[PDB]
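Okay, so we've got the same protein chain twice, two forms, each given alone as C-alpha cells, structure 1 and structure 2.
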Structure 1
C-alpha cells in the first residue's frame, strides 16, 4: 500500500500528527506496534502538567502559542482537557534541572509579562501543606498552569484522526525505513508500504529505525516510577508541584506531584521522582514494575515533606521518560536532513517533556511532512546525533 504520510507510533504525538495530516486532505497511515492507548511507552497515567513558564524563551513562546491549540482541540472534542489547578515550582532557585531553573524562569516570566506569585518556605508550607522544608527554599505559583487529562486527550485525537480519514493500524511493528529520492520504503512485521514522507513518533524506539541508516540521536531512556497516594488531609490548594533540589551522589533528587485530579473518583494524587539514573540500554529492558529504590526515595520524601498525603502508595506504575543527553537541549523535533541523505523525508519527534505540546507538535510534524516547512520557530530543536 501507499500513503502520503506514514506515522510510526500511535502515541499522542503520532495521533495528533495523523489528525492534522488527514484533516488537510492527505492519505495517512499510523502504525502502532502495541495498542492505541497503551501504557507501556511514554504516555502512561492519567495526568500530565500544563505550564506556560519555561527557562528558555523559545519554548516559553511555544507554550503561549500552544494554548490556543489546546482551546481549539477542547472545542472540537467538547471536553475541557486542561484544568488550571496551578503550577508550583520551589526549592533551590539556582539549580538547573530537566524541568528548568527557577530563577531564570522567573526572569523570563517578568520579560514576557506572565503573572506569578513569589513564595517563601513559610508560605509554601502554610498554603500547600509541605513540611520540613529548608529555610531557604523559595519559588512561585503560576496560576494558569495545571493538569492535562491524558486519556481524554488520546480519545479525542483518535476520534478526530479517524473521522478525518486516517488509517489507524495497531499490532504492527515497523522494522525498517529506507528513504530515497522518490519517497520512503516502510517495512513491518506484517508487510511493506511506500510513503511520501514518514513521521517518526515512536518514543524511546527512535534509534532502532535510525541506526541502520547511520544515525543515532543522543537521548537517554529512564524507567520512571509513578505512584498514587491517598489525600489524607483535605487542602484548599492542590496544584501541580515540582521540588527543585541539588542532586545527591546517587540520584537527581527531584520530586513532583501532578496535583488534584478533577475528573477522577476518590481523592488520589500521583507523584514521582524525576531521576536521570540507570538509563536503559534499550526500551525492551523495561520491567514495568516501579523501581524499589525510586519508590523508597519518593515515599520517604513525601512522608517527611508532604504529610497531606498518606505515604503508603495505593498503586504504582512506570513510564518511560525519553530525554536529551545534553542538558542544553529539551526536545528533538525536525527532519532527519542533517542526519542522512534523503533525511528530509523523515520527520522526527525524538525526546523531551512533550505532553503539553501534543497539539503543537502534531501540527508541526504535519507541516514538515506536507508543506516541508512550519511557521513556528523550532530552529533550536533540530535533531542531535
Structure 2
C-alpha cells in the first residue's frame, strides 16, 4: 500500500490540472486513470472546445474573468497559445428560447455589460461565413472575443507539467472503492490499494459510483451527445464558432452548432453537432459510443443545405459525454463532500459542469481544497447538490 498526500481519481483535464497544481506545491500526488491518458471516451474528445464571453449568468462571467489569467500562465509555462479568438456567432430566430439561451436576451445582457458585438442580418451571415439558403428574417450577433480552445495541446501541457513536477501518473487502473476516515482515505483499485490524505474525484460522470457505497449521491445527469467531423471544402475568410437558434420541429429541437475553424491545425476538418433533446443515461455504462443515426442525418442534411463550405458527408461521427447539474439553475458541482458524509471533507469533488473552459481554475481550486481545506475563490454557488433528502446532522 503506497501513501500519497493526494490521490486524484481520473486523468482527464481536470484531474491533470489538479495533479499539476498539487505537485508543484510540493505534495505527493498520484493520478489514477482507468483507460489511457488522452483518451476520448469521457467528456473530453476532439480537438476543440468553445469559450464564449456572452452569458446571462453573472456566475459564468465572473468565472471567465478569473480563469483568463490562469490560462495565460499555463500558455506561458508550456510555450503554446491554447486559446484562439475566432469569434462566437449566434443567429437564427432571435426570440426562441433554448437550453443555450435566447439571442435577444443575451444581446441585452451584452448591452448592459458593455460586451462588444456586431449585429448581423441573414445577408451579412451568408456573405461573411458562407452560409446559404437562410430565411431572410434570420439575424444574430458575432461576439469577436469568442474563443476556441486547443484541447490536445492543453492535455499535453497538463500531462507534461504534472509529470515534470513529480506527480505519479498511472493509467489502465480503475478506482473501485474509497473509504474515508478521520486520518485519510483508503483507496482500492483493480490493481492495488493506496492511502491518501485526501482524494480528488475528477472522474467525469462516474462520481456517483464511488459515492454510493458511502451513502451519497449527487444531483447531476449524464448525456451521450453526438458529434461529427467534416472536411472543409472551401477555404474561408472567417469561420467562428456558430450556433443556429431555430423554432423546433415536431420531431426535434432543430438546433445545430459548429465549433468553428482550429487555428493551430492545417484547417482540413471542423466539427459540428446537433443540440437535440436527449434523455439522460441511467449510468455511463449505458453509453454506446455510436452517434445517433437520425441526428447525424439531420445535421448533415442541414449542413448540405446551409453551409456548403464543408463536405456534408461526415468523415467521422462519434459521441461525447456531458455531465451537468440536473437542476438548470446550477451550473457546476465543485466542493468537498463535507455536507454529504462523515469525513466528507477528505473527498474533494468536481462532479458536474460544461467546463473545459474553466479547467485551469477548477484544477487550482481542487488543489486548494485538497491541500488546505479552503480556496480564496468563492465557490458557494458551486456547492455539490445532493440527489437525496437531507437527514444528516
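If you superpose the two forms and keep the largest set of C-alpha atoms that fall within 1.5 Å, you have the rigid core. Residue numbers count along the first chain shown, from 1.
Here the two forms are overlaid on the core, and between the two structures the C-alpha of 105 is the only one among 105, 206, 147, 153 to shift by 2 Å or more. For residue 51, a C-alpha deviation of 2 angstroms or more is recorded between the two structures after rigid-core alignment. Taking 2 Å as the criterion, residue 300 counts as shifted between the two structures: its C-alpha moves by at least this amount when the rigid core is aligned. After superposing the rigid core, the C-alpha of residue 172 moves by less than 2 Å between the two structures. Once the core of the two forms is superposed, the Cα of residue 272 has moved 1.2 Å between the two structures. Its Cα shifted by 2.2 Å, residue 314 is compared between the two structures on a rigid core fit. Core fit done between the two structures; CA of residue 126 shifted by 4.7 Å.
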